[PDB]
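For neighbour counting, all protein chains shown are included, and Cβ atoms are generated from backbone atoms with ideal geometry for every residue, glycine included. Derivation of every value follows stated rules applied to the coordinates shown; laboratory data play no part.
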Amino acid sequence: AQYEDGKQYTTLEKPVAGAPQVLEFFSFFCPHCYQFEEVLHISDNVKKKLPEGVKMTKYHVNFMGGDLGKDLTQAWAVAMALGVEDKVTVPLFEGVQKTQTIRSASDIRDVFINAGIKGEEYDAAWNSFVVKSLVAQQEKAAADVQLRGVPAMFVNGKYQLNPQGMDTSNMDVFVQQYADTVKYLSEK
């Protein structure tokens, strides 16, 4: 077949019930994640090819970057709670990996302030139980699939993308193969 288990994707031998339809994991410390998001725009090209009625979820992970890594998982929870993912993703990635100006929770907070989120609003969210539950959801989802590396994408808690079985000579062509594969898995 054109799409085969074990080449463009793998099947979880332990399928996760009630998992989000399309679930992406990343870390702001993850170099391939910077490429995925800032250069390839994987999330965006996938969403644009998803069937109607299929929603996309993206979660941060703790297992890179130590203390600051967990702070970023909580910050990403704040981003999700406030609905400002599309304003803070680029400066968080560039702050960690490009300028290396993010070294503390306060530096993370500066990114949101510069993005126009009010200090009181950020602080209230940071300390909120709604954000605590969002941190919990992120941790649970990664735990459900025994997650050990990023970037990663899962479809219906059943299938996991396998980009290493793909031609990367042309970045455009790789991205569309990735997206077409997610669409195929979504219709399975």
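Can you go through 158, 188, 140 and tell me which one is among the charged types (D, E, K, R) and farther than 20 Å from residue 59 by Cα? Talk me through it step by step, then tell me what you get.
On the way: 158 fails: farther than 20 Å from residue 59 by Cα; 140 fails: farther than 20 Å from residue 59 by Cα.
None of the other options fit; the residue is 188.
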Original post:
How about segment 1-36: which of its residues are in contact with a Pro (Cβ under 8 Å, 6 or more places away or on another chain) and outside any loop (DSSP other than H, G, I, E, B)?
Top reply: 24, 25, 26, 32, 33, 36
Original post:
Picking from 128, 133, which residue would you name as being polar (S, T, N, Q), free of Cβ contacts under 8 Å to residues at least 40 places away in the same chain and closer than 28 Å to residue 16 by Cβ?
Top reply: 133
**OP:** For residue 51, work out the one condition from (1) buried (at least 16 other Cβ atoms within 10 Å of the Cβ); (2) touching an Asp or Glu at 6+ places or on another chain (Cβ under 7 Å); (3) not polar (S, T, N, Q) it doesn't fulfil.
**Re:** (1)
**OP:** Could you please find all residues in segment 26-66 being closer than 19 Å to residue 149 by Cα, touching a residue at least 24 places away in the same chain (Cβ under 8 Å) and over 14 Å from the mean Cα position of the chain (by Cα)?
**Re:** 65
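Any chance you could count how many residues in segment 51-75 are assigned to a helix (DSSP H, G or I) and closer than 15 Å to residue 132 by Cβ? Steps first, answer last, please.
Taking segment 51-75 as the starting set, the residues that turn out to be assigned to a helix (DSSP H, G or I) are 66-75.
Then keep just the ones that are closer than 15 Å to residue 132 by Cβ; that gives 70-71, 73-75.
Qualifying residue count for the region: 5.
Starting from residues that are of a type in the set (A, V, I, L, M) and part of a helix (DSSP H, G or I), keep the ones in segment 37-50 and report whichever is nearest to residue 183 (Cα to Cα).
Residue satisfying both the conditions and the ranking: 46.
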**OP:** Scan the helices (runs of 4 or more DSSP H) fully inside segment 101-188 and keep the ones with 3 or more residues being touching a strand residue (DSSP E or B) at 6+ places or on another chain (Cβ under 7 Å).
**Re:** 129-144, 171-187
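Looking at segment 55-73 only, could you name the residues that are under 21 Å from residue 19 (Cα atoms) and either among the small types (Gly, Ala, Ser) or crowded, with 18+ Cβ neighbours inside 10 Å (or both)? Spell out the reasoning first.
Pass one, segment 55-73, residues under 21 Å from residue 19 (Cα atoms): 55-63, 73.
Of everything in segment 55-73, those that are under 21 Å from residue 19 (Cα atoms) and either among the small types (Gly, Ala, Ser) or crowded, with 18+ Cβ neighbours inside 10 Å (or both) turn out to be 58, 59, 60, 61, 62, 73.
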Original post:
From the residues in segment 23-45 that are buried (at least 22 other Cβ atoms within 10 Å of the Cβ) and of a type in the set (A, V, I, L, M), which one is nearest to residue 55 (Cα to Cα)?
Top reply: 23
